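K.L.:
My questions will all concern the structure given below.
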Amino acid sequence: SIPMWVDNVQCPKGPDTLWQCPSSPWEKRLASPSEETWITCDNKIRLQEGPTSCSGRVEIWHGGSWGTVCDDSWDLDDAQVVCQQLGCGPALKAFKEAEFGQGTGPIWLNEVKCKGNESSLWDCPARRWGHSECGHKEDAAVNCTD
Amino acid sequence: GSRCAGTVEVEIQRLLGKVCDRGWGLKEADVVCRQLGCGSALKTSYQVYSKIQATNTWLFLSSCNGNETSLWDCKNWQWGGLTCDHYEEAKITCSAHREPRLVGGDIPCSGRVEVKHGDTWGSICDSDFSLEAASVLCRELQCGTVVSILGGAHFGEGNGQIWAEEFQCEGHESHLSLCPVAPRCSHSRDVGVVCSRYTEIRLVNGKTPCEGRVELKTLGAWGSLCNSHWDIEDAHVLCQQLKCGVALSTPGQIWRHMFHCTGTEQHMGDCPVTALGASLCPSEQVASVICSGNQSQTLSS
Amino acid sequence: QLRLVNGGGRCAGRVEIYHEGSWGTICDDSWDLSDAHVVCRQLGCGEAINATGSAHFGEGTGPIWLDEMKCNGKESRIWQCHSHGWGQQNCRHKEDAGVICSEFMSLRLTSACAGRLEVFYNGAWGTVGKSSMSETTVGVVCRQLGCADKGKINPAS
Ligand SMILES: *[C@@H]1O[C@H](CO)[C@@H](O)[C@H](O)[C@H]1NC(C)=O
Ligand SMILES: *[C@@H]1O[C@H](CO)[C@@H](O)[C@H](O)[C@H]1NC(C)=O
Ligand SMILES: [Ca+2]
Ligand SMILES: [Ca+2]
Ligand SMILES: [Ca+2]
Ligand SMILES: [Ca+2]
Ligand SMILES: [Ca+2]
């Protein structure tokens, strides 16, 4: 087990780091798993409006907004990276032309030159998080193994 | 494309005309903006959206001090009688051309983006606002750097007219007016931004507005920050933020925020702050600051 | 233009369409025998026997600009179908489309390259007549199969 450091953490609106959230003082005490904190966050990469879990349009999170990746040079290598980051099987198809509907929010990624072996889509060399003229009709989509 | 930008046009007894830009410094542009009620002039140019008919006559300004309440009060201005041969019209773009604001946010420097198009405020669709546009927005409102852009009407939906303009900000612009914008949504997709100056720190219980006990507001409650880690560098930044110059000495509930200012920060939002796990603090041992009160006074290394 | 590459003949291999100064292959998506009848009749190879795909005839290097083929079969041009667009790749060379036509012709010897002469036409294998079989024809067969320059006629075994 691991001793508990801090408790009663109350993050206000505006800080993006836990260090700026006021709370009870640091104390070294033994804590049972009942009062320990377990958090299951949703990864930045996700697919929406798909028949299965690992199918649908590709959406990423950056700067507090759920953006969408444009289908510029969106080949199977990019889909291989996306499916691997999602944690399911290898990609089956890399759809284009907003196959699974129009995405919401802005567009962060376009012309992603993934090599098919990147651990995450953020390691792919491309113009990232803005400076994109793509519309929502050009939203990329991914179809992975069930 | 707005009432505070474009080529200036002068009408005297119902006559079309403009102003020749001879000696058209920023002072005369500021005077024009002041008489027009559009803030302060920024750039002697504009993004062309409409066309103004050419006119034979011109308005010539010899010299204006800059503090004049109107162009007509400037000394020795000549209307007609000369020709704008080698010069052009006095193009201008005042600030309120794109005057933004943040509303619907509990903390100071966050809220739904609402850019005013001269007179009418309006929301912006989340797809027509990038990181560079948000960064300029936080900079213009002296709110530091941008933390996040929250789409889908995070701060609620603002009634009004949604602008279809898309800001092509480079990122280094000092105002949204200077940004090139490309005109061409729904209120459920209103864009909101969160800047980095969320501190909301003030001085309370002082004989002078530039003096008193340090109080800070987080979690929606004003509290009395104490001097466990309130060094003189922290006090220097607080006085600088409050436009009180520099600090001199440091004599609800108690917030335990630890401010790690280096002294050169212009606001508390820029200062690295650590509040997690901070130890308790004696009630009688609280933070306070006496500022110099001279805005001209500045710190030194 | 139009051509077939790496199929062992003129009427088999990956379908290649030439435009904009380059040769490209089809995505194979919805690549039915009806879509193969038009490509085979364009070359004059008659009807189509197989409509292969998934790089059955190899990995085709070159941009892909033809996907989602819905040819009805009656038409006589590959580009006249319901093409998704001139450049809508959205696919990979590992899913390259290839066809086999009726007039695709192949040869082999069955019994390495000593045995009965078999010719593959119209999707079926069959022997070749021994009448008027000169030494030049046997030499052409052996050179074609790539295992000799000449040959000899043998009785049936
Ligand atoms: C993903 O691909 C498989 C086979 O390639 C297909 O059966 C399935 O329908 C696809 N998923 C879609 C189109 O959502
Ligand atoms: C082609 O189709 C025929 C039946 O029409 C079949 O017997 C043959 O195995 C097929 N060949 C290939 C390579 O698909
Ligand atoms: Ca790619
Ligand atoms: Ca300090
Ligand atoms: Ca396919
Ligand atoms: Ca396809
Ligand atoms: Ca078909």
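Using Swiss-Prot numbers, chain A covers 885-1030, in order.
So this one's electron microscopy, 3.1 Å, going by the header.
Including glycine, each Cβ sits where the backbone N, Cα and C put it.
Feature annotation from Swiss-Prot assigns disulfide bond to A:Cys895-A:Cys905, A:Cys954-A:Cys1018, A:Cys967-A:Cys1028, A:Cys998-A:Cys1008; the stated evidence is sequence analysis. The domain 'SRCR 9' annotation in Swiss-Prot covers A:929-1029 and rests on sequence analysis. As annotated by Swiss-Prot, N-linked glycosylation site applies to A:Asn1027, with the evidence given as experimental evidence.
I'm curious about the neighbourhood of these features; can you describe it?
P.N.:
Non-local neighbourhood of A:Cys905 (disulfide bond): A:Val893, A:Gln894, A:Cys895, A:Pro896, A:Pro899, each in the same chain, at least six residues away, with C-beta under 8 Å from its C-beta.
A:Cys1018 (disulfide bond) falls outside any helix or strand according to DSSP and counts as coil.
Other Cβ atoms within 10 Å of the Cβ of A:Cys967 (disulfide bond) number 24 in total over all chains.
In the three-state DSSP scheme, A:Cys998 (disulfide bond) falls into the coil class. Taking the Cβ of A:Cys998 (disulfide bond) as reference, residues of its chain lying under 8 Å away and at least six apart in sequence are, in sequence order, A:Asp961, A:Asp962, A:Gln964, A:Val965, A:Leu1005, A:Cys1008.
For the recorded site, A:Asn1027 (N-linked glycosylation site), the DSSP three-state label reads strand.
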K.L.:
In terms of DSSP three-state secondary structure, what is the assignment for A:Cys905 (disulfide bond)?
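P.N.:
Note: A:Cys905 (disulfide bond) is coil by DSSP, not helix or strand.
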K.L.:
Within 10 Å of A:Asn1027 (N-linked glycosylation site), Cα to Cα, which of the disulfide-bonded residues A:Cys954, A:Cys967, A:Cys1018 are there?
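P.N.:
So the list is A:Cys967.
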K.L.:
So which recorded positions out of A:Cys905, A:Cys954, A:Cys998, A:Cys1008, A:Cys1018, A:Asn1027 are up against ligand 3, CB under 6 A?
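P.N.:
Near ligand 3, sequence order: A:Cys998.
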K.L.:
For A:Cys1018 (disulfide bond) and A:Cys1028 (disulfide bond), what Cα-Cα distance in Å is obtained after rounding to a whole number?
P.N.:
24
K.L.:
Where ligand 1 binds, which of the disulfide-bonded residues A:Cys954, A:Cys967, A:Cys1008, A:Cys1018, A:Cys1028 are close by, with Cβ under 6 Å?
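P.N.:
What lies within reach of ligand 1, judged by Cβ under 6 Å, is none of the disulfide-bonded residues.
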K.L.:
Near chain B: which of the disulfide-bonded residues A:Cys895, A:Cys905, A:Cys1028 have their Cβ closer than 8 Å to one of its Cβ atoms?
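P.N.:
Listed disulfide-bonded residues passing the 8 Å Cβ cut to B: A:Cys905.
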K.L.:
Taking the Cα atoms as reference points, how far is A:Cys1028 (disulfide bond) from A:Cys954 (disulfide bond) in Å?
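P.N.:
Cα of A:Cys1028 (disulfide bond) to Cα of A:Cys954 (disulfide bond) measures 18 Å after rounding.
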K.L.:
Pick out which of the disulfide-bonded residues A:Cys895, A:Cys954, A:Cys1008, A:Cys1018, A:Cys1028 has the most other Cβ atoms within 10 Å of its own Cβ.
P.N.:
A:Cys954
